[PDB]
Structures are given as structure tokens and as C-alpha cells.
file entry07.tsv (TSV, C-alpha atoms)
chain	number	residue	atom	x	y	z
A	66	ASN	CA	111.01	134.28	70.68
A	67	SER	CA	112.71	133.09	67.49
A	68	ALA	CA	111.38	132.51	63.99
A	69	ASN	CA	111.96	128.77	64.37
A	70	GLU	CA	109.88	128.74	67.57
A	71	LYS	CA	107.07	130.39	65.59
A	72	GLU	CA	107.51	127.73	62.88
A	73	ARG	CA	107.37	124.98	65.53
A	74	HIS	CA	104.08	126.37	66.86
A	75	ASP	CA	102.62	126.63	63.35
A	76	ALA	CA	103.58	123.02	62.46
A	77	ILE	CA	101.82	121.77	65.60
A	78	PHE	CA	98.62	123.53	64.62
A	79	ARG	CA	98.78	122.05	61.10
A	80	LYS	CA	99.18	118.64	62.77
A	81	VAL	CA	96.19	119.21	65.06
A	82	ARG	CA	94.02	120.04	62.04
A	83	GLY	CA	95.02	116.77	60.36
A	84	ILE	CA	94.18	114.77	63.50
A	85	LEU	CA	90.74	116.38	63.76
A	86	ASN	CA	90.09	115.65	60.09
A	87	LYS	CA	90.52	111.89	60.44
A	88	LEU	CA	88.69	111.67	63.79
A	89	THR	CA	86.17	108.82	63.95
A	90	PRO	CA	84.33	106.87	66.69
A	91	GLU	CA	86.55	103.94	65.72
A	92	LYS	CA	89.81	105.93	65.72
A	93	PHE	CA	88.90	108.18	68.66
A	94	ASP	CA	90.85	106.35	71.35
A	95	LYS	CA	94.11	106.45	69.38
A	96	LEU	CA	93.93	109.94	67.87
A	97	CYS	CA	92.79	111.27	71.23
A	98	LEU	CA	96.05	110.03	72.77
A	99	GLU	CA	98.08	111.66	70.00
A	100	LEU	CA	96.32	115.00	70.54
A	101	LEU	CA	97.07	114.80	74.26
A	102	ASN	CA	100.74	114.16	73.55
A	103	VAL	CA	101.32	117.42	71.63
A	104	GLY	CA	98.40	119.75	72.38
A	105	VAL	CA	98.81	120.60	76.07
A	106	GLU	CA	102.34	122.00	76.12
A	107	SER	CA	101.37	125.58	77.13
A	108	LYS	CA	98.72	128.31	77.20
A	109	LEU	CA	99.50	129.41	73.64
A	110	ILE	CA	99.15	125.89	72.26
A	111	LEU	CA	95.90	125.39	74.22
A	112	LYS	CA	94.37	128.51	72.62
A	113	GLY	CA	94.97	127.19	69.11
A	114	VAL	CA	93.81	123.65	69.86
A	115	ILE	CA	90.49	125.03	71.17
A	116	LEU	CA	90.14	127.27	68.13
A	117	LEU	CA	90.62	124.30	65.78
A	118	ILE	CA	88.29	121.93	67.67
A	119	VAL	CA	85.38	124.38	67.68
A	120	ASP	CA	86.20	125.10	64.00
A	121	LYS	CA	85.70	121.41	63.11
A	122	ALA	CA	82.63	120.98	65.35
A	123	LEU	CA	80.68	123.61	63.41
A	124	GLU	CA	81.76	122.04	60.11
A	125	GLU	CA	80.54	118.55	61.10
A	126	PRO	CA	77.84	118.99	63.82
A	127	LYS	CA	76.97	115.30	63.38
A	128	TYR	CA	80.02	114.56	65.50
A	129	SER	CA	79.31	117.09	68.29
A	130	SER	CA	79.22	114.19	70.72
A	131	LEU	CA	82.68	113.03	69.60
A	132	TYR	CA	84.28	116.46	69.83
A	133	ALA	CA	82.62	117.09	73.20
A	134	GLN	CA	84.32	113.96	74.55
A	135	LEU	CA	87.64	115.19	73.18
A	136	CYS	CA	87.21	118.45	75.11
A	137	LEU	CA	86.46	116.49	78.31
A	138	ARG	CA	89.73	114.53	78.14
A	139	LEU	CA	91.77	117.70	77.56
A	140	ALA	CA	89.97	119.53	80.37
A	141	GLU	CA	90.93	116.80	82.81
A	142	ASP	CA	94.50	116.13	81.68
A	143	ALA	CA	95.86	119.49	80.48
A	144	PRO	CA	98.05	121.26	83.10
A	145	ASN	CA	96.91	124.57	84.62
A	146	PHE	CA	98.72	127.76	83.58
A	147	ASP	CA	96.85	130.42	85.57
A	148	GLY	CA	99.15	131.77	88.28
A	153	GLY	CA	91.59	126.68	94.02
A	154	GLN	CA	90.70	124.93	97.28
A	155	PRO	CA	90.52	121.16	97.92
A	156	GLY	CA	87.06	119.72	97.27
A	157	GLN	CA	86.20	122.57	94.91
A	158	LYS	CA	85.21	121.75	91.30
A	159	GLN	CA	88.38	121.89	89.19
A	160	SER	CA	89.13	125.16	87.43
A	161	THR	CA	91.88	125.37	84.81
A	162	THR	CA	93.27	127.28	81.84
A	163	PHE	CA	91.71	124.90	79.33
A	164	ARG	CA	88.27	125.02	80.97
A	165	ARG	CA	88.31	128.82	81.15
A	166	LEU	CA	89.30	129.42	77.51
A	167	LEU	CA	86.78	126.84	76.21
A	168	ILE	CA	83.85	128.61	77.89
A	169	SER	CA	85.14	131.91	76.53
A	170	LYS	CA	85.43	130.61	72.95
A	171	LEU	CA	81.90	129.22	72.73
A	172	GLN	CA	80.50	132.49	74.00
A	173	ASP	CA	82.32	134.03	71.01
A	174	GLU	CA	81.05	131.62	68.35
A	175	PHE	CA	77.51	132.07	69.67
A	176	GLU	CA	77.65	135.86	69.22
A	177	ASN	CA	79.14	135.71	65.71
A	178	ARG	CA	76.75	133.03	64.46
A	179	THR	CA	73.83	135.08	65.80
A	180	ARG	CA	74.98	138.19	63.93
A	181	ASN	CA	75.24	136.18	60.70
A	182	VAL	CA	71.54	135.25	60.91
A	183	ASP	CA	70.23	138.76	61.58
A	184	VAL	CA	72.50	140.21	58.87
A	185	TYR	CA	69.48	140.76	56.62
A	186	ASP	CA	67.03	141.48	59.43
A	194	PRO	CA	67.44	136.50	45.65
A	195	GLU	CA	70.95	135.17	46.30
A	196	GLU	CA	70.95	136.70	49.78
A	197	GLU	CA	68.15	134.25	50.60
A	198	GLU	CA	70.43	131.27	50.07
A	199	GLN	CA	73.00	132.92	52.33
A	200	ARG	CA	70.56	133.28	55.23
A	201	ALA	CA	69.53	129.63	54.92
A	202	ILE	CA	73.14	128.53	55.32
A	203	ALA	CA	73.75	130.72	58.38
A	204	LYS	CA	70.54	129.34	59.87
A	205	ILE	CA	72.06	125.87	59.53
A	206	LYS	CA	75.34	126.95	61.17
A	207	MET	CA	73.48	128.34	64.19
A	208	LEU	CA	71.75	125.00	64.80
A	209	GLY	CA	75.03	123.15	64.57
A	210	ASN	CA	76.46	125.61	67.09
A	211	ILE	CA	73.58	125.03	69.51
A	212	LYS	CA	73.86	121.22	69.25
A	213	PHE	CA	77.57	121.34	70.14
A	214	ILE	CA	76.80	123.59	73.12
A	215	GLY	CA	74.19	121.11	74.30
A	216	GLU	CA	76.72	118.26	74.16
A	217	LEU	CA	79.28	120.23	76.18
A	218	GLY	CA	76.75	121.22	78.83
A	219	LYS	CA	75.97	117.53	79.32
A	220	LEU	CA	79.59	117.05	80.49
A	221	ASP	CA	79.57	120.26	82.57
A	222	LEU	CA	81.98	122.00	80.15
A	223	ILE	CA	79.81	125.15	79.74
A	224	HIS	CA	77.29	126.88	82.06
A	225	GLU	CA	73.54	127.58	82.48
A	226	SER	CA	73.56	131.08	81.08
A	227	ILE	CA	74.46	130.20	77.48
A	228	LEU	CA	72.09	127.23	77.49
A	229	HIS	CA	69.14	129.48	78.41
A	230	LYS	CA	70.32	131.83	75.66
A	231	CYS	CA	70.10	128.99	73.13
A	232	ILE	CA	66.61	128.01	74.31
A	233	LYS	CA	65.42	131.62	74.10
A	234	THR	CA	66.48	132.06	70.48
A	235	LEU	CA	64.88	128.77	69.43
A	236	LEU	CA	61.47	129.64	70.91
A	237	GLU	CA	61.50	133.27	69.78
A	238	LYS	CA	59.05	134.14	67.00
A	239	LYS	CA	60.61	136.41	64.37
A	240	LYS	CA	58.30	138.63	62.33
A	241	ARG	CA	59.80	137.47	59.04
A	242	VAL	CA	59.83	133.72	59.75
A	243	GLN	CA	56.44	131.97	59.71
A	244	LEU	CA	55.21	129.40	62.24
A	245	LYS	CA	55.21	126.85	59.41
A	246	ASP	CA	58.99	127.24	58.99
A	247	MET	CA	60.15	126.47	62.54
A	248	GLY	CA	60.25	122.70	62.32
A	249	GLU	CA	63.99	122.12	62.62
A	250	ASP	CA	64.23	124.98	65.12
A	251	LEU	CA	61.65	123.35	67.40
A	252	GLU	CA	63.15	119.91	66.81
A	253	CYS	CA	66.53	121.18	68.03
A	254	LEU	CA	64.87	122.64	71.15
A	255	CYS	CA	63.45	119.25	72.10
A	256	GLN	CA	66.92	117.74	71.63
A	257	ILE	CA	68.52	120.30	73.97
A	258	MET	CA	65.65	119.94	76.42
A	259	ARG	CA	66.13	116.14	76.68
A	260	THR	CA	69.90	116.61	77.04
A	261	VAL	CA	70.13	119.53	79.50
A	262	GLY	CA	66.57	120.03	80.74
A	263	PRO	CA	66.88	118.05	84.02
A	264	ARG	CA	69.99	119.89	85.28
A	265	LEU	CA	68.56	123.33	84.42
A	266	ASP	CA	65.17	122.75	86.03
A	267	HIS	CA	65.96	123.48	89.69
A	268	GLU	CA	63.99	125.61	92.17
A	269	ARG	CA	65.56	128.99	91.39
A	270	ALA	CA	64.76	128.47	87.70
A	271	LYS	CA	61.10	127.42	88.16
A	272	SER	CA	59.74	130.69	86.75
A	273	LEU	CA	61.83	130.68	83.56
A	274	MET	CA	61.27	126.99	82.77
A	275	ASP	CA	57.53	127.22	83.49
A	276	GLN	CA	57.47	130.06	80.99
A	277	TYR	CA	59.27	127.96	78.34
A	278	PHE	CA	56.94	124.98	78.60
A	279	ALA	CA	53.79	127.12	78.55
A	280	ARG	CA	54.99	128.49	75.22
A	281	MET	CA	55.62	124.87	74.13
A	282	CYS	CA	52.11	123.66	75.04
A	283	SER	CA	50.54	126.43	72.96
A	284	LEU	CA	52.37	125.18	69.85
A	285	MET	CA	51.98	121.40	70.00
A	286	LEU	CA	48.40	121.82	68.80
A	287	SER	CA	49.31	124.21	65.99
A	288	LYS	CA	48.01	123.24	62.56
A	289	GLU	CA	51.00	124.97	60.97
A	290	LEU	CA	53.49	122.41	62.27
A	291	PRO	CA	54.08	118.90	60.85
A	292	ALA	CA	52.79	115.85	62.73
A	293	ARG	CA	56.24	114.70	63.84
A	294	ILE	CA	57.08	118.12	65.27
A	295	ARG	CA	54.00	118.52	67.46
A	296	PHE	CA	54.34	114.91	68.62
A	297	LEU	CA	57.94	115.63	69.61
A	298	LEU	CA	56.82	118.62	71.66
A	299	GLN	CA	54.09	116.61	73.39
A	300	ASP	CA	56.57	113.92	74.40
A	301	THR	CA	58.99	116.48	75.85
A	302	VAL	CA	56.29	118.33	77.79
A	303	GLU	CA	54.93	115.07	79.24
A	304	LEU	CA	58.43	114.14	80.43
A	305	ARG	CA	58.69	117.37	82.41
A	306	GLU	CA	55.23	116.97	83.93
A	307	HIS	CA	56.65	113.67	85.21
A	308	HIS	CA	59.60	115.45	86.86
A	309	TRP	CA	61.95	114.15	84.15
A	310	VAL	CA	61.73	110.77	85.87
A	311	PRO	CA	62.18	107.85	83.38
call {"tool": "encode", "arguments": {"input": "entry07.tsv", "output": "C-alpha cells"}}
result
Amino acid sequence: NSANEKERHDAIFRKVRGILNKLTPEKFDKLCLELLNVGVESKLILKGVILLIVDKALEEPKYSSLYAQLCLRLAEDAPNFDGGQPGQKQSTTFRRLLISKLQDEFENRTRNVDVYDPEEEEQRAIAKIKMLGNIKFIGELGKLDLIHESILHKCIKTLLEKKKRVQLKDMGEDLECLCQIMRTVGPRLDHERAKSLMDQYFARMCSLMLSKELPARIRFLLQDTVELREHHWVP
């Protein structure tokens, strides 16, 4: 294309970043409409929009919920650019690239944590916080059927895994995140084919809720989650 066409694309991306910056529960409705007006033009523009959204989500995980809703709107309204049958769950360009991108962030954020596996200690603690933010955003997307079962199980597996370095006394926020995910996605993941895997997860959970190394709040949070499953997740 031309140099001006490249400039036009770059100005749109700078605009998308601004919109994401001032995104709030109160402004959502309006800014969401603006984003839809300029961020669905083509495949190329969709790729950048997704890159920026995930960028912001990991910077402010507190708003995962908000950004997840933004992805839902785009998934439903953005036009398809790939080349389905009636009654089949919708499949589009946006949906496909979103799934792909989160798989990418998950791999990079994982590598940042095991980079050491002094000053380096402060670095690891920051990467450990990024990984949790990443997992929380994934949970929120799964809730709206924007990502699949495979990556969710991958999140659960890393949260329950016991590293040699880390000590049982330092897994509070890791275990707290797990209970969050479990209450958010647990019911949809726990179907017949998955009985074996899930049974395995909750056994591991029961043998930790009585640990003297974990705070009171943590082991009470595990007990409440376990009890919910024993009740077939029925309210």
C-alpha cells in the first residue's frame, strides 16, 4: 500500500490505546461504541485491537471483567474475514485470533517466571504477579465462552503444582486464584469425560485445606470450594 495508508493504520491504533486507557464501568457503554466504530474495519485492524486489549488487561487485571465484556461485543459484531453451517456455534476471524493471542501470552508469562528456575528476587516477584493477572483474565473470557477448556486446565495445573523452590507457606495468593477460577469455570469443565482429571484436582485440594502452613482464610476458601463441588455445584 502507500505510506499514508500505513499512517492511517498507525493513527487508529494510537486512538484505540487512548480509548482503552479511559475505559471505566461508567464509560463502558459509550467508549465501547466508539471502539466498534473504528476497530473492525479489516483483519489487520483486528489483529492490533486484540494486541492492545490484552496489553491493557495484563496491566490492570482488576478490570478483567470489563475487558472480557469488550471482547464479547467485538466477537459478536465484527465481520468475518476468513474465506460454517447454520445452527453451528459462530466462528469468526476475531474469535480465532483472540484464542491464539491468549495462548501466546500464557507461554511468555510462564517463561518469565521460570527464568531463574538479590535484585533478581524482586524481578521474579513481579513476574509472579503478572502470571496471576493473566490467569484471571483467562478465567473471565472462559466464562463468556471466548476461550476453550485446554488452556483453563493448563492454568489450574500450574496453580496446584508444587515447585521445589517455593514453600507451601508461600502459595496463598496462588491457591486463592485457583478458588476464583474454580468458582467461575468449574461447573462447565466438570463433565463426564473430565471426571478423572477434576477428581484428581480436588483430592489435591482436600489434602491442603488442613495444612498448618496456610493462613486461616486460605484453607477456609478451599473448604468452601470443595464443599460446593461435593454438592454438584448446585447453589
call {"tool": "closest_residue", "arguments": {"input": "entry07.tsv", "among": "A:79, A:136, A:168, A:148", "to": "residue 226 in chain A", "atoms": "all atoms listed in the file"}}
result
A:168
call {"tool": "atom_distance", "arguments": {"input": "entry07.tsv", "atom1": "CA of residue 108 in chain A", "atom2": "CA of residue 172 in chain A"}}
result
19.0 Å
call {"tool": "closest_atom_pairs", "arguments": {"input": "entry07.tsv", "of": "range 180-275 of chain A", "to": "range 298-310 of chain A", "cutoff": "10 Å", "atoms": "all atoms listed in the file", "output": "tab-separated table"}}
result
residue	atom	partner	partner_atom	distance
A:251	CA	A:298	CA	8.0
A:252	CA	A:298	CA	8.1
A:254	CA	A:298	CA	9.0
A:255	CA	A:301	CA	6.5
A:256	CA	A:301	CA	9.1
A:258	CA	A:301	CA	7.5
A:259	CA	A:301	CA	7.2
A:262	CA	A:309	CA	8.2
A:263	CA	A:309	CA	6.3
A:264	CA	A:309	CA	9.9
A:266	CA	A:305	CA	9.2
A:274	CA	A:305	CA	10.0
A:275	CA	A:305	CA	10.0
call {"tool": "closest_residue", "arguments": {"input": "entry07.tsv", "among": "A:103, A:290, A:111, A:235", "to": "residue 207 in chain A", "atoms": "only C-alpha atoms"}}
result
A:235
call {"tool": "closest_residue", "arguments": {"input": "entry07.tsv", "among": "A:118, A:99, A:176, A:106", "to": "residue 85 in chain A", "atoms": "only C-alpha atoms"}}
result
A:118
call {"tool": "atom_distance", "arguments": {"input": "entry07.tsv", "atom1": "CA of residue 265 in chain A", "atom2": "CA of residue 222 in chain A"}}
result
14.1 Å
call {"tool": "atom_distance", "arguments": {"input": "entry07.tsv", "atom1": "CA of residue 232 in chain A", "atom2": "CA of residue 296 in chain A"}}
result
18.8 Å
call {"tool": "closest_residue", "arguments": {"input": "entry07.tsv", "among": "A:202, A:292, A:105, A:223", "to": "residue 181 in chain A", "atoms": "all atoms listed in the file"}}
result
A:202
call {"tool": "closest_residue", "arguments": {"input": "entry07.tsv", "among": "A:282, A:101, A:137, A:166", "to": "residue 220 in chain A", "atoms": "all atoms listed in the file"}}
result
A:137
call {"tool": "residues_around", "arguments": {"input": "entry07.tsv", "residues": "residue 214 in chain A", "least_positions_apart": "4", "cutoff": "8 Å", "atoms": "all atoms listed in the file", "output": "PyMOL selection string"}}
result
chain A and resi 171+210+218+223+228
call {"tool": "write_last_selection", "arguments": {"input": "entry07.tsv", "atoms": "C-alpha atoms", "output": "mmCIF file, keeping the file's coordinate frame"}}
result
data_model
loop_
_atom_site.group_PDB
_atom_site.id
_atom_site.type_symbol
_atom_site.label_atom_id
_atom_site.label_comp_id
_atom_site.auth_asym_id
_atom_site.auth_seq_id
_atom_site.Cartn_x
_atom_site.Cartn_y
_atom_site.Cartn_z
ATOM 1 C CA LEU A 171 81.900 129.220 72.730
ATOM 2 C CA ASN A 210 76.460 125.610 67.090
ATOM 3 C CA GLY A 218 76.750 121.220 78.830
ATOM 4 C CA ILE A 223 79.810 125.150 79.740
ATOM 5 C CA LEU A 228 72.090 127.230 77.490
#
call {"tool": "closest_residue", "arguments": {"input": "entry07.tsv", "among": "A:68, A:110, A:96, A:217", "to": "residue 130 in chain A", "atoms": "all atoms listed in the file"}}
result
A:217
call {"tool": "residues_around", "arguments": {"input": "entry07.tsv", "residues": "residue 88 in chain A", "least_positions_apart": "5", "cutoff": "9 Å", "atoms": "only C-alpha atoms", "output": "VMD selection string"}}
result
chain A and resid 83 93 96 to 97 131 to 132
